[PDB]
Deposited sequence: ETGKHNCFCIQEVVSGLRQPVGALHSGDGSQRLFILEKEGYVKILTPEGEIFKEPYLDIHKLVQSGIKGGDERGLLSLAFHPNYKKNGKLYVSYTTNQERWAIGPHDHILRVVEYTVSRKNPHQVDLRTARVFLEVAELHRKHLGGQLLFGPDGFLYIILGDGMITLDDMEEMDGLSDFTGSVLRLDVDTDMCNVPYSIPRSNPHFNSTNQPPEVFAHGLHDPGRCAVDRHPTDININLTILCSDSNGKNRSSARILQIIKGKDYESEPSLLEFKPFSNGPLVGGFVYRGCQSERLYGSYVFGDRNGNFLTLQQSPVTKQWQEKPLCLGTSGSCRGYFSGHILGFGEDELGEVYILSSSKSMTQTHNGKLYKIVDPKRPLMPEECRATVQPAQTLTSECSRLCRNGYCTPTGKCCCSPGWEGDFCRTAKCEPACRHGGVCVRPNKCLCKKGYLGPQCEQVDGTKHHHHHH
């Protein structure tokens, strides 16, 4: 057989929706739980007791299976190793609910938990329903943040926002302390003032997890599965197939090292673990499906528990399955499964990488900027009432007098003998 196999890595999870790495060399795997938690899995296989991110109070999650509200996606800044920037999309309530896209920053004190005080709202998408929400975040090799939103089943209500069913592309590397993101010049509606500049492409309804090929001859490829009504696949570069009888969870482009034959393949799978591969003809540019099969080889088995909720990718490129059921949710037993090529060793010699354990932030901005926030580029944006280079000097208007010092905004520390808000009074 040419089949692959599924190996259980961890269990005891709650409604896992995805997993990914930070690209800092630490080979940590960050697991997303719908209720609003992000947990760390170390390379030795331990789950840290303290969540990396706990926002379950902010997050509105649904009870019933099929309620898509919750924590949707996470993307680490391409330069997270130096600036500790990460991005999160979740649902909350204030007009049913509102889909947020927020930036967070890792604690300068602890590289394994996020400083919750560093939240910055980037986008707030008004939502009217609880399905077709999308919410995937990813960075392209251009360095830009892509946001993939469903349509939220809005149509006649649209006549009465404007971001649903589109792929947004923001530039998070801005110096303007006014706006959290700037629009890249390449966007199709930059400075048009008729369509939103953030919109890069539209027309999505209920997209699954999109496969992201990163490859020279082409910069970036995003393939999405989509099921408006009972499936179709869509390409964004720099209707694609008549397959039937499926509802696809999503897909990935395998760039791992354990499987030689799977390299470069687009893999898609449905709720029940039926996997297919997509192959484009370089000659005819037409897409074709071949099933990918699972079979048991010792410990790694040709099956897994429950239903697929999302996919994972570690820093070495190996891909994962995240599963749960209605039985596994109340029992608090979601699982993380690795996809293995049983034809190949578990650690082929060429696939070894040395763990570089995660270090605290070393950048000049995080170290000295305290009365404001740090942009991903490093500019320290001061809070109101501060103006230093790192916002360390307070502003007092009117100025402190009789030698007073402006210690905090509009607060004068007077010398003995001088009173009043600006030390203007004598005796």
In sequence order, which parts of the deposited sequence are missing C-alpha coordinates?
1-4, 99-105, 172-176, 232-234, 250-253, 262-272, 462-470
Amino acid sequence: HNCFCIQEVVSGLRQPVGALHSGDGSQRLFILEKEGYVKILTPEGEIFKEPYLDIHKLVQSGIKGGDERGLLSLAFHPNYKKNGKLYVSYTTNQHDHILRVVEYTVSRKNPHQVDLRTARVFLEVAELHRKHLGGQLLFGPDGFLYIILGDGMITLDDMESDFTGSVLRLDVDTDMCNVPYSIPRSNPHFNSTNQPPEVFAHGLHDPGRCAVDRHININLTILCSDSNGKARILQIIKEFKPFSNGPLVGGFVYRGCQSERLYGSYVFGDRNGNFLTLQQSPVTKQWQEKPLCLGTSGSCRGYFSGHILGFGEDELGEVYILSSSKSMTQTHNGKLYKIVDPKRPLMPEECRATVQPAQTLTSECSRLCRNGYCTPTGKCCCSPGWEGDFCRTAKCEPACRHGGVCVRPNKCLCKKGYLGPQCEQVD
From here on, numbers count along this sequence of modelled residues.
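In this text, rigid core is short for the largest set of C-alphas that superpose within 1.5 Å between two forms.
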Core-aligned Cα RMS comparison in 6 other deposited structures of this protein - stretch that moves more, 110-118 or 149-157:
149-157
So, in 6 other deposited structures of this protein, taking the root mean square over structures and residues of the Cα distances after a rigid core fit: is 185-193 or 135-143 the more displaced stretch?
185-193
In at least one third of the other PDB entries compared, is residue 342 left unmodelled?
no
Other entries omitting residue 307, at least a third
no
Going by the B-factors listed in the PDB entry, is the mean over the C-alpha atoms higher for 373-381 or for 26-34?
373-381
Mind pulling up the entry and telling me whether 114-122 or 150-158 has the higher mean Cα temperature factor?
150-158
Peak C-alpha temperature factor (PDB record), options 89, 277, 219, 305:
219
Would you mind checking which of 257, 183, 292, 74 has the top Cα temperature factor in the PDB entry?
183
Would the CA B-factor of residue 348 place it in the lowest, middle or highest third of its chain?
middle
In terms of its chain's C-alpha B-factors, the third that includes residue 144 is the middle
Would you mind ranking residue 360 by its C-alpha B-factor against the rest of the chain and naming the third, lowest, middle or highest?
middle
Name the third of the chain's ranked CA B-factors that contains residue 318, choosing lowest, middle or highest.
lowest
Chain-wide C-alpha B factor ranking for residue 337, given as lowest, middle or highest third:
lowest
